[PDB]
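Participant: Protein chains in written order, with full-length UniProt numbering: chain Y, 3 to 327; chain F, 3 to 199, 208 to 327.
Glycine is no exception: its CB is placed at the ideal position from the N, C-alpha and C atoms.
Dropping the structure here:
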């Protein structure tokens, strides 16, 4: 009993932050923003929360799958609408799926990969026959207004897939996983929790921070090595890969991952220039981009891979199924 | 391939807020608190976060299982140490684990039950051979200091089990599940995210009816799935919502309260930690029957609910 991908959907908020806007706001330049990140625009949730974005992505994903019900709704997010409860139950209800198994999973930029492991396993174990997994984050709400580095990189969005029970020989079946963590380096990427004083005031200044230099080099190796492990597990060489869909960490990181694997860079699916780094949403948003562009091959050998806060990392191998755009 | 419970552990913070202390601070009474909630004391985390409590609970559960290591750590919590990342990776690291599969799961007071489903399924599907599940919450950090209802009810703590790969015939095997939600009713139990430009609140009256009805129905559904009647249960171990809710669930299910495991008087309502802390209490008291028919059940914010059936295994304290 396998878990099979059978639907894809996504949603990006309407508002866009350009380099020109960001340069004007923070008294910097267009050059600096592109140079450092290669990101030219990022979508900004504004008054919308992760729940709102997830709802739109999930509805589109259900239409894609040709299904009007699923047994489970899981959100991979670090930017839930509340501290308590999870966002997933509300999203499930707003999809007309009251009664569904629903919860949020926290694994930062590796959330979508961990999400696939969790939902895929629920289906394989017989606790659900179908599921929505939504990778969604609204990191823009959590950025320091004065910080040009993070504001240049991060954007908001949601991407969703539908999984169903199936056979391991079907296109879209999740074939092998690599999953890990290194909590010894937990402090490298962080958005602190609100203090009790901040909760009392009704104002928090708990902003996302990252050690950019320390994150770059490690991110490349972490994802490259994780891909290699899953390639070895499924019996593929790097050359057998048609599609590599990494967490869109930064512009340089994506090509650097290909370099380590001696994989042609053109095989890396990337839209980081148009949407920025959307954390848990990055992989399914990149998938949606590939599908829009007709890049994704029916039955093509594919690996999805992530690395992020925790630290966390992981990869999943599958053959890409026929998905309705 | 089943997931089998093979260890139990817990940790309560040292500090205790007694009814007498709370009565003194908010000008109420032991009588009012005990009548309303059934709570007589509760443990308060203070400077310790959920990560600290989870580490201690986890270490105890490993020792209970006779293991130094497992493949995975999941924390069921709504009060993690950070907004990003999860707390589970740090816990796994400090336990000396090897690149653990690690994340936090959010399902409020149903978190332990959802956790067993997620962790159990990871094991059953072959993604892990062993795992720690920690139900941990420090709700005291999120309560309004002037709110007598929530401060009377909630306490802090962590409880953990070890699960391992095994056979469905083994004692401790997770036998059947029920899991659900109703997000249309999300506003009944809530801790808002704080704006960067908000304490926990509950609608107690509305929550009471839903807690009783959803926990009762969830148990009935899981009983049907495993093939037991309520009268076959040796133990029901519910989320410790409050004493009146547990009594109403027992009556609704035609269960004697004597078979409902509860330590809410001693630890209060600890959200995700409530079920494993109740199990720990039961084992301490010598109440738990070796191989006994057991259902764990939760309901909470989301709204969420769910139940798991298993035969309780021989765990040596």
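(1) Which residues, in order along the segment 162-196 of chain Y, keep a beta-carbon less than 8 Å from a beta-carbon of chain F?
(2) For residue 1 of chain Y and residue 212 of chain Y, I'd like the C-alpha separation in whole angstroms.
(3) Does the pairing of the segment 130-146 of chain Y with the segment 74-91 of chain Y give three or more beta-carbon distances under 8 Å?
(4) What number of angstroms, rounded off, separates the C-alpha of residue 142 of chain Y from the C-alpha of residue 81 of chain Y?
(5) When the Cβ atoms of the segment 182-198 of chain Y are set against those of the segment 80-98 of chain F, are three or more pairs found closer than 8 Å?
(6) State buried or exposed for residue 322 of chain F, treating a residue as buried only when at least 16 other CB atoms are found within 10 Å of its CB.
(7) Output, in sequence order along the chain, the residues in the segment 298-322 of chain Y whose CB is closer than 7 Å to any CB in chain F.
(8) Who does residue 13 of chain F pair with in a DSSP beta bridge?
(9) Roughly how many angstroms separate the alpha carbons of residue 226 of chain Y and residue 259 of chain Y, rounded to a whole number?
(10) Applying the criterion that 16 or more other CB atoms from any shown protein chain within 10 Å of the CB defines a buried residue, is residue 266 of chain F buried or exposed?
(11) If we ignore side chains and look at the alpha-carbon of each, how far apart do residue 39 of chain Y and residue 105 of chain Y end up?
(12) Would you decide whether residue 317 of chain F is buried or exposed? Buried here means 16 or more other CB atoms lie within 10 Å of its CB.
(13) Can you name the residues of chain F whose CB is closer than 8 Å to the CB of residue 256 of chain Y?
(14) Between residue 144 of chain Y and chain F, is any beta-carbon pair separated by less than 8 Å?
(15) So with Cβ pairs under 8 Å, would you call residue 84 of chain F a contact of chain Y?
(16) Should the segment 109-127 of chain F be called in touch with the segment 11-26 of chain F, which here means at least 3 C-beta pairs below 8 Å?
(17) Spatial neighbours of residue 239 of chain Y within its chain, please: CB distance less than 8 Å, with the 5 preceding and 5 following residues excluded, ordered by chain position.
(18) Tell me the residue span of the beta strand (DSSP E) that contains residue 309 of chain Y.
(19) Excluding sequence positions up to five away, which residues of its chain have a Cβ less than 6 Å from the Cβ of residue 166 of chain F?
(20) When DSSP labels each residue in this structure, what does residue 105 of chain F get in the three-state scheme?
(21) Give the straight-line distance between the Cα atoms of residue 285 of chain Y and residue 108 of chain Y, rounded to the nearest whole angstrom.
(22) Let me know the alpha helix (DSSP H) ranges lying completely inside the segment 119-197 of chain Y, each 4 residues or longer, listed in chain order.
(23) Contact criterion: CB-CB distance below 8 Å. Does residue 105 of chain F meet it with respect to chain Y?
(24) Do the segment 292-311 of chain Y and the segment 53-73 of chain F meet, that is, are 3 or more Cβ pairs less than 8 Å apart?
(25) Whose CA, out of Y:251, Y:60, Y:88 and Y:97, lies closest to the CA of residue 307 of chain Y?
(26) What separation, rounded to the nearest whole angstrom, lies between the Cα atoms of residue 125 of chain Y and residue 36 of chain Y?
(27) Nearest to residue 59 of chain Y by CA position, among Y:243, Y:41 and Y:283, is which residue?
(28) Return the CA-CA distance between residue 314 of chain F and residue 34 of chain Y, expressed in angstroms with no decimal places.
(29) Starting from residue 198 of chain F, find everything on chain Y with Cβ-Cβ shorter than 8 Å and list it in chain order.
Facilitator: Reading it off the structure:
(1) 179, 181, 182, 183, 184, 185, 186, 188, 191, 192, 193, 194, 195 and 196
(2) The structure shown has nothing for residue 1 of chain Y, since chain Y only spans 3 to 327.
(3) Yes, the segment 130-146 of chain Y touches the segment 74-91 of chain Y.
(4) Spanning the two alpha carbons is a distance of roughly 10 Å.
(5) yes
(6) buried
(7) 311, 312, 313 and 314
(8) For residue 13 of chain F, which the question treats as bridged, DSSP gives the partners F:160.
(9) 5 Å
(10) Exposed, since its Cβ has fewer than 16 Cβ neighbours within 10 Å.
(11) 33 Å
(12) buried
(13) Within chain F, no residue comes near residue 256 of chain Y; the closest Cβ sits about 22 Å away, beyond 8 Å.
(14) Against chain F, the CB of residue 144 of chain Y has a partner CB under 8 Å away; the residue lies at that interface.
(15) yes
(16) no
(17) 233
(18) 303-310
(19) 6, 8 and 132
(20) strand
(21) Rounded to whole angstroms, residue 285 of chain Y to residue 108 of chain Y spans 16 Å at the Cα level.
(22) Fully enclosed alpha helix (DSSP H) runs of 4 or longer: 150-155.
(23) yes
(24) no
(25) Checked all of Y:251, Y:60, Y:88 and Y:97; the closest Cα to residue 307 of chain Y is Y:251.
(26) 42 Å
(27) Y:283
(28) Straight-line measurement puts the Cα of residue 34 of chain Y at about 47 Å from the Cα of residue 314 of chain F.
(29) Below the 8 Å Cβ cutoff, chain Y contributes 143, 144, 205, 206, 207, 208 and 209 as neighbours of residue 198 of chain F, in chain order.
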